[PDB]
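Peer 1: Dropping in target13.cif, with mmCIF, C-alpha atoms and all ligand atoms.
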```
data_my_file
loop_
_atom_site.label_atom_id
_atom_site.label_comp_id
_atom_site.auth_asym_id
_atom_site.auth_seq_id
_atom_site.Cartn_x
_atom_site.Cartn_y
_atom_site.Cartn_z
CA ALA A 1 7.69 -25.59 15.19
CA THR A 2 5.47 -25.55 18.27
CA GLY A 3 2.97 -28.25 19.33
CA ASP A 4 0.03 -25.85 18.80
CA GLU A 5 0.83 -25.45 15.05
CA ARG A 6 0.87 -29.22 14.63
CA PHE A 7 -2.29 -29.77 16.72
CA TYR A 8 -4.31 -27.17 14.81
CA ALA A 9 -3.06 -28.15 11.33
CA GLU A 10 -3.11 -31.98 11.64
CA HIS A 11 -6.07 -32.51 13.99
CA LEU A 12 -8.34 -29.68 15.19
CA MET A 13 -8.92 -27.73 11.96
CA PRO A 14 -9.44 -30.78 9.70
CA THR A 15 -11.82 -32.29 12.29
CA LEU A 16 -13.89 -29.08 12.65
CA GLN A 17 -13.96 -28.60 8.85
CA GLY A 18 -15.35 -32.14 8.60
CA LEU A 19 -18.16 -31.09 10.98
CA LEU A 20 -19.08 -27.61 9.70
CA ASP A 21 -20.09 -26.32 6.27
CA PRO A 22 -17.76 -23.59 4.90
CA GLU A 23 -19.97 -20.55 5.59
CA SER A 24 -20.96 -21.78 9.08
CA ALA A 25 -17.25 -22.29 9.77
CA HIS A 26 -16.48 -18.72 8.55
CA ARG A 27 -19.24 -17.28 10.76
CA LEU A 28 -17.98 -19.20 13.84
CA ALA A 29 -14.39 -18.12 13.14
CA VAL A 30 -15.47 -14.46 13.08
CA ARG A 31 -17.44 -14.98 16.34
CA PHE A 32 -14.57 -16.79 18.12
CA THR A 33 -12.05 -14.20 16.95
CA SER A 34 -14.23 -11.25 18.05
CA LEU A 35 -14.67 -12.81 21.52
CA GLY A 36 -10.89 -13.36 21.89
CA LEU A 37 -11.28 -17.15 22.32
CA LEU A 38 -8.22 -17.73 20.06
CA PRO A 39 -5.00 -19.39 21.44
CA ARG A 40 -2.22 -17.30 23.05
CA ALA A 41 0.05 -15.80 20.36
CA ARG A 42 3.56 -16.69 21.58
CA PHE A 43 5.65 -14.90 18.91
CA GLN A 44 7.04 -11.51 20.00
CA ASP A 45 7.78 -9.35 16.92
CA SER A 46 11.48 -8.58 16.44
CA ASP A 47 12.72 -5.27 14.99
CA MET A 48 13.71 -7.15 11.76
CA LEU A 49 10.00 -7.44 10.89
CA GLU A 50 9.12 -3.73 11.22
CA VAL A 51 8.24 -1.96 7.94
CA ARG A 52 7.60 1.75 7.35
CA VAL A 53 5.29 2.33 4.36
CA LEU A 54 2.02 4.15 3.36
CA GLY A 55 2.75 6.83 6.03
CA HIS A 56 2.72 4.24 8.81
CA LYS A 57 4.85 1.89 10.92
CA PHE A 58 3.87 -1.80 10.66
CA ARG A 59 5.13 -3.93 13.60
CA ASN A 60 5.25 -6.94 11.26
CA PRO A 61 4.46 -7.28 7.56
CA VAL A 62 1.80 -10.04 7.82
CA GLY A 63 -1.80 -8.87 7.49
CA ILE A 64 -5.22 -10.47 7.32
CA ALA A 65 -6.65 -10.06 3.81
CA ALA A 66 -10.10 -8.61 3.06
CA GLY A 67 -13.01 -11.04 3.15
CA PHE A 68 -12.45 -12.59 6.56
CA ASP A 69 -13.84 -9.68 8.59
CA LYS A 70 -16.17 -8.20 5.98
CA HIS A 71 -18.11 -6.06 8.46
CA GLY A 72 -15.42 -4.95 10.96
CA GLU A 73 -16.54 -7.25 13.79
CA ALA A 74 -13.25 -8.92 14.78
CA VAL A 75 -10.53 -6.26 14.37
CA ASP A 76 -9.14 -6.44 17.90
CA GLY A 77 -9.17 -10.26 17.94
CA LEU A 78 -7.17 -10.24 14.69
CA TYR A 79 -4.43 -8.07 16.25
CA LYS A 80 -4.45 -10.47 19.24
CA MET A 81 -3.79 -13.31 16.73
CA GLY A 82 -0.54 -11.53 15.77
CA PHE A 83 -1.40 -9.81 12.48
CA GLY A 84 0.71 -6.68 11.88
CA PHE A 85 -2.27 -5.01 10.20
CA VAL A 86 -5.94 -5.72 9.59
CA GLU A 87 -8.00 -5.09 6.47
CA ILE A 88 -11.79 -5.18 6.78
CA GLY A 89 -14.33 -5.38 3.97
CA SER A 90 -15.31 -5.31 1.28
CA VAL A 91 -17.98 -2.88 2.46
CA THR A 92 -20.75 -1.72 0.10
CA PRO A 93 -22.66 1.57 0.47
CA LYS A 94 -26.06 0.01 1.21
CA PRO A 95 -26.47 -3.33 3.02
CA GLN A 96 -26.85 -6.29 0.67
CA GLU A 97 -27.26 -10.01 1.04
CA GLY A 98 -24.79 -11.28 -1.60
CA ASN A 99 -25.34 -14.53 -3.54
CA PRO A 100 -27.56 -17.50 -2.50
CA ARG A 101 -26.06 -20.21 -0.21
CA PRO A 102 -23.96 -22.27 -0.72
CA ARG A 103 -21.39 -19.76 -1.97
CA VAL A 104 -18.06 -20.90 -0.42
CA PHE A 105 -16.37 -24.22 -1.07
CA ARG A 106 -13.30 -25.99 0.27
CA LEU A 107 -10.85 -27.82 -2.02
CA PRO A 108 -8.89 -29.67 0.69
CA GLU A 109 -6.74 -31.67 -1.79
CA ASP A 110 -5.55 -28.36 -3.28
CA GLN A 111 -5.29 -26.33 -0.06
CA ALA A 112 -7.65 -23.94 -1.88
CA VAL A 113 -11.05 -22.27 -1.48
CA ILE A 114 -13.54 -21.10 -4.11
CA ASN A 115 -15.96 -18.34 -3.08
CA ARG A 116 -18.78 -16.44 -4.74
CA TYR A 117 -20.02 -14.41 -1.74
CA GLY A 118 -20.97 -11.49 -4.02
CA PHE A 119 -20.15 -8.66 -1.54
CA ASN A 120 -22.46 -9.65 1.32
CA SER A 121 -22.16 -6.51 3.43
CA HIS A 122 -23.72 -4.85 6.49
CA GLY A 123 -23.23 -1.57 4.58
CA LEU A 124 -21.34 1.63 5.26
CA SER A 125 -23.54 2.94 8.09
CA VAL A 126 -23.33 -0.21 10.23
CA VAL A 127 -19.56 -0.52 9.70
CA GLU A 128 -19.05 3.23 10.37
CA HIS A 129 -20.71 2.93 13.77
CA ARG A 130 -18.78 -0.26 14.58
CA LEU A 131 -15.46 1.46 13.79
CA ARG A 132 -16.47 4.68 15.59
CA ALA A 133 -17.01 2.66 18.80
CA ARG A 134 -13.23 1.85 18.84
CA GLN A 135 -11.81 4.79 16.85
CA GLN A 136 -9.50 6.06 19.60
CA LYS A 137 -8.40 2.54 20.51
CA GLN A 138 -7.48 2.17 16.80
CA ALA A 139 -5.59 5.48 16.83
CA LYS A 140 -3.40 4.09 19.65
CA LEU A 141 -2.95 0.74 17.86
CA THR A 142 -1.93 2.56 14.66
CA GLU A 143 0.58 4.71 16.57
CA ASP A 144 1.87 1.41 18.06
CA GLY A 145 2.51 -0.02 14.57
CA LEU A 146 -0.82 -1.81 14.05
CA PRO A 147 -2.64 -0.07 11.17
CA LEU A 148 -6.17 -0.61 9.85
CA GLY A 149 -7.24 -0.89 6.22
CA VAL A 150 -10.79 -0.62 4.87
CA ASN A 151 -11.70 -2.26 1.59
CA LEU A 152 -14.54 -0.63 -0.37
CA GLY A 153 -16.91 -2.34 -2.77
CA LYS A 154 -19.95 -1.38 -4.79
CA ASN A 155 -23.59 -2.44 -4.59
CA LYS A 156 -25.01 -4.95 -7.09
CA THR A 157 -27.75 -2.58 -8.32
CA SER A 158 -25.87 0.74 -8.28
CA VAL A 159 -26.03 2.77 -11.49
CA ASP A 160 -22.85 4.77 -10.77
CA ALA A 161 -19.81 2.73 -9.60
CA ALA A 162 -17.60 5.77 -8.99
CA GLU A 163 -20.24 7.30 -6.70
CA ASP A 164 -20.37 4.06 -4.64
CA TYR A 165 -16.60 4.26 -4.06
CA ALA A 166 -16.79 8.00 -3.39
CA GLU A 167 -19.41 7.35 -0.67
CA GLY A 168 -17.08 4.76 0.88
CA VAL A 169 -14.21 7.26 0.94
CA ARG A 170 -16.39 9.89 2.60
CA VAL A 171 -17.90 7.54 5.21
CA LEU A 172 -15.03 5.14 6.09
CA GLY A 173 -12.01 7.10 4.88
CA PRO A 174 -11.88 9.09 8.16
CA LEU A 175 -11.65 5.81 10.13
CA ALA A 176 -8.98 4.09 7.98
CA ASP A 177 -5.20 4.19 7.69
CA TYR A 178 -5.64 3.06 4.12
CA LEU A 179 -8.55 2.49 1.78
CA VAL A 180 -8.73 -0.15 -0.94
CA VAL A 181 -10.59 0.42 -4.18
CA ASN A 182 -11.58 -3.10 -4.88
CA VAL A 183 -12.11 -3.31 -8.62
CA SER A 184 -11.15 -7.02 -8.77
CA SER A 185 -13.90 -9.14 -7.24
CA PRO A 186 -14.82 -11.85 -9.74
CA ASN A 187 -18.32 -12.07 -8.13
CA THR A 188 -19.94 -8.77 -9.13
CA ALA A 189 -21.03 -8.40 -12.79
CA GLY A 190 -19.01 -5.74 -14.65
CA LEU A 191 -16.78 -4.92 -11.64
CA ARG A 192 -13.48 -6.05 -13.19
CA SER A 193 -14.11 -3.84 -16.27
CA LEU A 194 -13.35 -0.90 -13.90
CA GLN A 195 -9.70 -2.05 -14.16
CA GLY A 196 -9.65 -0.78 -17.80
CA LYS A 197 -7.63 2.42 -18.48
CA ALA A 198 -10.33 5.04 -19.20
CA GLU A 199 -12.76 3.75 -16.54
CA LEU A 200 -10.01 3.39 -13.93
CA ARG A 201 -8.60 6.90 -14.53
CA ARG A 202 -12.06 8.49 -14.17
CA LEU A 203 -12.92 6.34 -11.11
CA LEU A 204 -9.60 6.92 -9.32
CA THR A 205 -9.57 10.68 -10.04
CA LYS A 206 -12.95 10.92 -8.25
CA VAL A 207 -11.78 8.68 -5.37
CA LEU A 208 -8.60 10.71 -4.89
CA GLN A 209 -10.50 14.02 -5.01
CA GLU A 210 -12.82 12.74 -2.25
CA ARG A 211 -9.88 11.51 -0.16
CA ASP A 212 -8.01 14.80 -0.56
CA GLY A 213 -11.12 16.61 0.78
CA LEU A 214 -10.84 14.87 4.18
CA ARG A 215 -9.17 16.60 7.15
CA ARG A 216 -5.42 15.84 7.47
CA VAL A 217 -5.72 13.53 10.52
CA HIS A 218 -8.49 11.60 8.72
CA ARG A 219 -6.83 11.33 5.30
CA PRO A 220 -6.06 7.69 4.39
CA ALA A 221 -3.68 6.25 1.81
CA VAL A 222 -5.56 4.94 -1.25
CA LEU A 223 -4.64 1.58 -2.83
CA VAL A 224 -6.13 -0.29 -5.78
CA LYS A 225 -6.63 -4.07 -5.51
CA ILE A 226 -6.18 -5.90 -8.76
CA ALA A 227 -6.97 -9.28 -10.24
CA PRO A 228 -4.45 -12.04 -11.04
CA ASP A 229 -6.21 -12.51 -14.42
CA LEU A 230 -5.20 -9.29 -16.17
CA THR A 231 -3.68 -9.16 -19.63
CA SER A 232 -0.22 -7.61 -20.09
CA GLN A 233 -2.07 -4.61 -21.63
CA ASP A 234 -4.30 -4.27 -18.54
CA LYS A 235 -1.26 -4.27 -16.24
CA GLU A 236 0.61 -1.65 -18.31
CA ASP A 237 -2.52 0.56 -18.23
CA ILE A 238 -2.97 0.18 -14.46
CA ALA A 239 0.70 1.04 -13.87
CA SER A 240 0.38 4.14 -16.10
CA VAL A 241 -2.77 5.39 -14.30
CA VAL A 242 -1.27 4.69 -10.84
CA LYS A 243 1.78 6.81 -11.68
CA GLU A 244 -0.23 9.56 -13.46
CA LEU A 245 -2.60 10.00 -10.48
CA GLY A 246 -0.21 9.32 -7.58
CA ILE A 247 -2.20 6.33 -6.21
CA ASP A 248 -0.49 5.35 -2.96
CA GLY A 249 -0.18 1.62 -3.53
CA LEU A 250 -1.43 -1.64 -5.00
CA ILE A 251 -2.85 -4.83 -3.48
CA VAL A 252 -1.81 -7.76 -5.65
CA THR A 253 -3.87 -9.94 -5.98
CA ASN A 254 -7.52 -10.84 -5.54
CA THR A 255 -8.77 -14.37 -6.27
CA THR A 256 -8.49 -15.98 -9.70
CA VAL A 257 -11.28 -16.96 -12.12
CA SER A 258 -8.76 -19.29 -13.75
CA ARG A 259 -8.68 -22.99 -12.85
CA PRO A 260 -5.03 -24.06 -13.10
CA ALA A 261 -4.44 -27.49 -14.54
CA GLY A 262 -3.99 -30.04 -11.75
CA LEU A 263 -6.75 -29.05 -9.30
CA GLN A 264 -8.05 -32.17 -7.56
CA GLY A 265 -10.89 -30.90 -5.37
CA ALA A 266 -14.31 -32.30 -6.31
CA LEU A 267 -15.60 -28.69 -6.25
CA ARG A 268 -13.00 -27.27 -8.68
CA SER A 269 -15.59 -26.32 -11.30
CA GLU A 270 -17.78 -24.25 -8.95
CA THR A 271 -18.16 -20.61 -10.10
CA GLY A 272 -16.15 -18.06 -8.12
CA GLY A 273 -12.70 -16.82 -7.17
CA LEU A 274 -10.06 -19.38 -6.33
CA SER A 275 -7.69 -18.70 -3.42
CA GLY A 276 -4.89 -20.55 -1.58
CA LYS A 277 -1.97 -22.60 -2.88
CA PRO A 278 -3.02 -22.76 -6.60
CA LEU A 279 -3.08 -18.93 -6.72
CA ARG A 280 0.27 -18.46 -4.97
CA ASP A 281 2.69 -18.20 -7.87
CA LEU A 282 0.28 -16.45 -10.22
CA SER A 283 0.03 -13.74 -7.50
CA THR A 284 3.81 -13.63 -6.95
CA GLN A 285 4.38 -13.15 -10.68
CA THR A 286 1.77 -10.36 -10.78
CA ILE A 287 3.62 -8.61 -7.89
CA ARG A 288 6.85 -8.97 -9.82
CA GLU A 289 5.29 -7.46 -12.97
CA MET A 290 3.63 -4.53 -11.16
CA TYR A 291 6.80 -3.68 -9.20
CA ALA A 292 8.82 -3.49 -12.44
CA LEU A 293 6.13 -1.47 -14.26
CA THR A 294 6.04 1.06 -11.38
CA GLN A 295 9.85 1.20 -11.05
CA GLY A 296 9.68 0.00 -7.43
CA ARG A 297 8.21 3.39 -6.45
CA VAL A 298 4.68 2.21 -5.58
CA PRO A 299 4.18 0.14 -2.38
CA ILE A 300 2.63 -3.29 -3.02
CA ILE A 301 0.74 -5.46 -0.54
CA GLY A 302 1.27 -9.02 -1.81
CA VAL A 303 -1.50 -11.56 -1.30
CA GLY A 304 -2.45 -14.99 -2.66
CA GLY A 305 -1.48 -18.40 -1.31
CA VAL A 306 0.82 -17.27 1.54
CA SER A 307 1.10 -20.09 4.08
CA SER A 308 4.77 -20.03 5.17
CA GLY A 309 7.71 -17.71 5.68
CA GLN A 310 9.05 -18.82 2.29
CA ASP A 311 5.78 -17.82 0.60
CA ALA A 312 5.95 -14.41 2.34
CA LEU A 313 9.62 -13.83 1.45
CA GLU A 314 9.07 -14.78 -2.18
CA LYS A 315 6.44 -12.05 -2.46
CA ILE A 316 8.65 -9.52 -0.59
CA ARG A 317 11.64 -10.29 -2.87
CA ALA A 318 9.30 -9.95 -5.87
CA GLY A 319 8.39 -6.43 -4.71
CA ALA A 320 5.83 -6.59 -1.88
CA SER A 321 6.41 -4.29 1.10
CA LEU A 322 3.75 -6.14 3.10
CA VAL A 323 1.87 -9.43 2.67
CA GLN A 324 -1.60 -10.70 3.58
CA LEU A 325 -3.10 -14.13 4.02
CA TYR A 326 -6.56 -15.57 4.41
CA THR A 327 -7.01 -19.08 2.98
CA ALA A 328 -4.07 -20.50 4.98
CA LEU A 329 -5.80 -19.38 8.21
CA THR A 330 -8.90 -21.34 7.19
CA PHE A 331 -6.85 -24.55 6.88
CA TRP A 332 -4.19 -24.29 9.59
CA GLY A 333 -5.93 -22.00 12.08
CA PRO A 334 -4.50 -19.16 14.22
CA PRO A 335 -1.00 -20.70 14.72
CA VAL A 336 -0.21 -20.09 11.01
CA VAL A 337 0.35 -16.37 11.77
CA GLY A 338 3.21 -16.99 14.24
CA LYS A 339 4.52 -19.71 11.92
CA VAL A 340 4.82 -17.35 8.94
CA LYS A 341 6.49 -14.65 11.05
CA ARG A 342 9.01 -17.01 12.70
CA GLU A 343 9.92 -18.62 9.36
CA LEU A 344 10.18 -15.24 7.66
CA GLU A 345 12.58 -13.93 10.32
CA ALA A 346 14.73 -17.12 10.02
CA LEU A 347 14.89 -16.85 6.21
CA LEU A 348 15.78 -13.15 6.26
CA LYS A 349 18.75 -14.01 8.54
CA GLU A 350 19.72 -16.97 6.33
CA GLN A 351 19.70 -14.82 3.18
CA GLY A 352 21.73 -12.01 4.80
CA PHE A 353 19.00 -9.37 5.01
CA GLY A 354 19.13 -6.91 7.91
CA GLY A 355 15.32 -6.87 7.91
CA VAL A 356 12.18 -6.99 5.76
CA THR A 357 12.89 -3.55 4.26
CA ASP A 358 16.22 -4.73 2.81
CA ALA A 359 14.50 -7.65 1.06
CA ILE A 360 11.75 -5.63 -0.70
CA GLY A 361 12.22 -6.06 -4.45
CA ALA A 362 15.59 -7.89 -3.96
CA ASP A 363 14.99 -10.25 -6.89
CA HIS A 364 14.94 -7.26 -9.27
CA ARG A 365 18.45 -6.24 -8.13
CA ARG A 366 20.03 -9.74 -8.55
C1 LIG A 401 -14.13 -16.42 1.38
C2 LIG A 401 -13.37 -15.24 0.79
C3 LIG A 401 -13.95 -13.97 0.78
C4 LIG A 401 -13.24 -12.89 0.24
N1 LIG A 401 -13.77 -11.64 0.23
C5 LIG A 401 -13.08 -10.57 -0.25
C6 LIG A 401 -13.62 -9.20 -0.24
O1 LIG A 401 -14.74 -8.97 0.27
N2 LIG A 401 -12.85 -8.22 -0.76
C7 LIG A 401 -11.61 -8.44 -1.28
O2 LIG A 401 -10.95 -7.49 -1.74
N3 LIG A 401 -11.05 -9.67 -1.33
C8 LIG A 401 -11.72 -10.73 -0.84
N4 LIG A 401 -11.15 -12.00 -0.85
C9 LIG A 401 -9.83 -12.17 -1.43
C10 LIG A 401 -8.72 -12.16 -0.37
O3 LIG A 401 -8.64 -10.84 0.20
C11 LIG A 401 -7.38 -12.48 -1.04
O4 LIG A 401 -7.10 -11.46 -2.04
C12 LIG A 401 -7.36 -13.85 -1.75
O5 LIG A 401 -8.19 -14.82 -1.08
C13 LIG A 401 -5.92 -14.36 -1.91
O6 LIG A 401 -5.32 -14.62 -0.64
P1 LIG A 401 -5.30 -16.08 0.08
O7 LIG A 401 -4.84 -17.05 -0.99
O8 LIG A 401 -4.32 -15.90 1.20
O9 LIG A 401 -6.70 -16.33 0.58
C14 LIG A 401 -11.87 -13.10 -0.30
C15 LIG A 401 -11.30 -14.38 -0.29
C16 LIG A 401 -12.02 -15.44 0.23
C17 LIG A 401 -11.36 -16.81 0.24
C1 LIG A 402 -13.99 -21.44 15.18
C2 LIG A 402 -13.28 -22.58 14.40
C3 LIG A 402 -11.89 -22.77 14.34
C4 LIG A 402 -10.95 -21.93 14.93
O1 LIG A 402 -10.00 -21.24 14.06
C5 LIG A 402 -10.25 -19.93 13.77
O2 LIG A 402 -11.07 -19.28 14.44
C6 LIG A 402 -9.48 -19.27 12.61
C7 LIG A 402 -9.93 -19.88 11.27
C8 LIG A 402 -9.64 -17.75 12.62
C9 LIG A 402 -14.15 -23.62 13.70
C10 LIG A 402 -14.59 -23.14 12.33
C11 LIG A 402 -13.57 -23.48 11.23
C12 LIG A 402 -13.13 -24.94 10.99
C13 LIG A 402 -13.13 -22.45 10.40
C14 LIG A 402 -12.24 -22.55 9.31
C15 LIG A 402 -12.79 -21.85 8.05
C16 LIG A 402 -13.26 -22.56 6.93
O3 LIG A 402 -13.24 -23.91 6.93
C17 LIG A 402 -13.74 -21.90 5.79
CL1 LIG A 402 -14.27 -22.82 4.42
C18 LIG A 402 -13.78 -20.51 5.74
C19 LIG A 402 -14.32 -19.82 4.48
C20 LIG A 402 -13.35 -19.79 6.85
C21 LIG A 402 -13.35 -18.27 6.83
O4 LIG A 402 -12.83 -17.67 7.77
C22 LIG A 402 -12.85 -20.45 7.99
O5 LIG A 402 -12.40 -19.73 9.05
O1 LIG A 403 -17.55 -10.99 -1.87
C1 LIG A 403 -16.95 -11.71 -2.69
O2 LIG A 403 -17.53 -12.58 -3.41
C2 LIG A 403 -15.51 -11.53 -3.01
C3 LIG A 403 -14.98 -10.26 -3.21
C4 LIG A 403 -13.63 -10.18 -3.61
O3 LIG A 403 -13.10 -9.06 -3.80
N1 LIG A 403 -12.94 -11.30 -3.83
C5 LIG A 403 -13.50 -12.52 -3.64
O4 LIG A 403 -12.84 -13.57 -3.84
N2 LIG A 403 -14.78 -12.64 -3.24
#
```
Would it be possible to restate this file's structure as structure tokens?
Ligand SMILES: Cc1cc2nc3c(=O)[nH]c(=O)nc-3n(C[C@H](O)[C@H](O)[C@H](O)COP(=O)(O)O)c2cc1C
Ligand SMILES: C/C(=C\COC(=O)C(C)C)CC/C(C)=C/Cc1c(O)c(Cl)c(C)c(C=O)c1O
Ligand SMILES: O=C(O)c1cc(=O)[nH]c(=O)[nH]1
Peer 2:
Amino acid sequence: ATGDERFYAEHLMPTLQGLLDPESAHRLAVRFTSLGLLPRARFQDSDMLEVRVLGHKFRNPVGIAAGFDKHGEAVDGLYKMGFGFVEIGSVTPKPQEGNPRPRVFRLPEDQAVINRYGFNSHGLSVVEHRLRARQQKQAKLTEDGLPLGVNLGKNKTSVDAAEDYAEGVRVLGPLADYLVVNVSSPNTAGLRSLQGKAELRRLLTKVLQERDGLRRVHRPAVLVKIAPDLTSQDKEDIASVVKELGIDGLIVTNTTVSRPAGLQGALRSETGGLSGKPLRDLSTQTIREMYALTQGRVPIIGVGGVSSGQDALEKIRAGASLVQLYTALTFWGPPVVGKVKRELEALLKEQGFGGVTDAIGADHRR
């Protein structure tokens, strides 16, 4: 490990977290990232890390999860940090404020965060114009193996959820390599009920019809992002609908409304979704389940508690073609990205994989 990893993780990040409230810290991180003030990313991506999935090349399989760059303000800075792909959002159709502050909480003793942002969003129009300002730059980045995802949400007061997602497809679909139908936020009343069979089939049929209506060059993959808190029945139903409709992939998982035994943080009983280390294995097991239920035929982006190459490889072997992280970045800072990639490469070599692709779903073949 480099000196930068150690300096950020042991000294700089904990010191700055001691000085700044969580949401102020988030806002500054977005600002710093957008301005390119981040440290120099030393790690040069080897060919072993390249993945071809969702109609795209990914230079490396480590992405930034939704919720960091909600409004598409820091996309280029995130690629500079060494992410293989960037997901922005969630974006709602109309601007909305989200929940009252405070609404994000650190659990340092658990290496976890709880948030109840409630889809604070600049709205589709603002994000559309922000992405349009760099659309050709993104086209080159995508061609270079650096794709962009856009995660779509719904407004608090909307009377037609499916129409909110349809609007998102129409407005941001033409600017995205993939879209995410986020039906798994724990912070919007009734949202997770859209994961149910009948509601999901009707919602996703409408989303896919809208996507299919876009011009070929502007036609994104469509993925559904699911909760870690689903029943076995819920998961079976989602798998069935995904296969019936030809949904392009799954993002597994969002934050958990569970509070695993053993959390130590003083703020453990705050309302919201829990992320970071306590979510890690719940997410990995959900990936494993969804891979098996879809016969390994549906690409999965694995997310929840990834902080190391081992964490990444466990999700890949469970069935993820790509992984994302967020909470680890908040604790260990920008050097965590290079750390995960370097460790992942080393472990792939150690376990006799030719590359990431060879390891996808490997546990199921043991
Ligand atoms: C502060 C915060 C805000 C988030 N906002 C969103 C969001 O807007 N949309 C979304 O799909 N997921 C959101 N997430 C969930 C992350 O994308 C990810 O699924 C989850 O945090 C698990 O990954 P992690 O343990 O690496 O953070 C958010 C997570 C956090 C911690
Ligand atoms: C600009 C700062 C550190 C530099 O590191 C970064 O920019 C990384 C996090 C992208 C200081 C602000 C801090 C300590 C941010 C860490 C942090 C946080 O402490 C918390 Cl709680 C959250 C929710 C976020 C969301 O991104 C977060 O980034
Ligand atoms: O905006 C939020 O509250 C949010 C959305 C989401 O999908 N997941 C999450 O943990 N928080």
Peer 1: Mind checking which residues fall within 8 Å of region 202-209 of chain A, counting all atoms listed in the file, ignoring those fewer than 6 positions away in the same chain, and posting them as a VMD selection string?
Peer 2: chain A and resid 161 to 162 165 to 166 169 194 222 245 247
Peer 1: For residue 278 (chain A), which residue among A:336, A:171, A:29, A:107 is the nearest when counting only C-alpha atoms?
Peer 2: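 Ranked by minimum distance to residue 278 (chain A), first place goes to A:107.
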Peer 1: Could you give me, as a list in words, the residues within 12 Å of residue 2 (chain A), counting only C-alpha atoms and dropping anything in the same chain fewer than 6 positions from it?
Peer 2: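 Those residues are residues 8, 9, 41, 42, 43, 335, 336, 338, 339 and 342 of chain A.
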Peer 1: Could you give me, as a list in words, the residues within 7 Å of residue 249 (chain A), counting all atoms listed in the file and dropping anything in the same chain fewer than 6 positions from it?
Peer 2: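 Listing them by chain and then by number gives residues 222, 223, 224, 298, 299 and 300 of chain A.
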Peer 1: Could you give me the residues within 7 Å of ligand LIG 403 (chain A), counting only C-alpha atoms and all ligand atoms, as a list in words?
Peer 2: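 Residues satisfying the distance criterion: residues 67, 90, 115, 116, 117, 118, 119, 120, 182, 184, 185, 186, 187, 254, 255, 273 and 274 of chain A.
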Peer 1: How far is it from CA of residue 295 (chain A) to atom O2 of ligand LIG 401 (chain A), in Å with one decimal?
Peer 2: 24.4 Å
Peer 1: Residues of chain A within 6 Å of ligand LIG 402 (chain A): nearest atom pair and distance (Å, one decimal) for each, counting all atoms listed in the file, sorted by chain and number, as CSV?
Peer 2:
```
residue,atom,partner,partner_atom,distance
A:13,CA,A:LIG402,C12,5.1
A:16,CA,A:LIG402,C12,4.5
A:17,CA,A:LIG402,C12,4.3
A:22,CA,A:LIG402,CL1,3.6
A:23,CA,A:LIG402,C19,5.8
A:25,CA,A:LIG402,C10,3.8
A:26,CA,A:LIG402,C21,3.6
A:28,CA,A:LIG402,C1,4.8
A:29,CA,A:LIG402,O2,3.7
A:32,CA,A:LIG402,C1,5.5
A:33,CA,A:LIG402,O2,5.8
A:68,CA,A:LIG402,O4,5.2
A:106,CA,A:LIG402,CL1,5.3
A:329,CA,A:LIG402,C7,5.2
A:330,CA,A:LIG402,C15,4.0
A:333,CA,A:LIG402,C6,4.5
A:334,CA,A:LIG402,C6,5.2
```
Peer 1: A:246, A:174, A:260, A:14: which is nearest residue 219 (chain A), counting all atoms listed in the file?
Peer 2: A:174
Peer 1: Please write out the residues within 7 Å of ligand LIG 401 (chain A) as JSON, numbers by chain, counting all atoms listed in the file.
Peer 2: {"A": [65, 66, 67, 68, 70, 89, 90, 104, 113, 114, 115, 117, 119, 151, 182, 185, 225, 253, 254, 255, 275, 276, 277, 279, 280, 303, 304, 305, 306, 324, 325, 326, 327, 328]}
Peer 1: May I ask for the distance between CA of residue 145 (chain A) and CA of residue 59 (chain A), given in Å to one decimal place?
Peer 2: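 Calculated distance between CA of residue 145 (chain A) and CA of residue 59 (chain A) is 4.8 Å.
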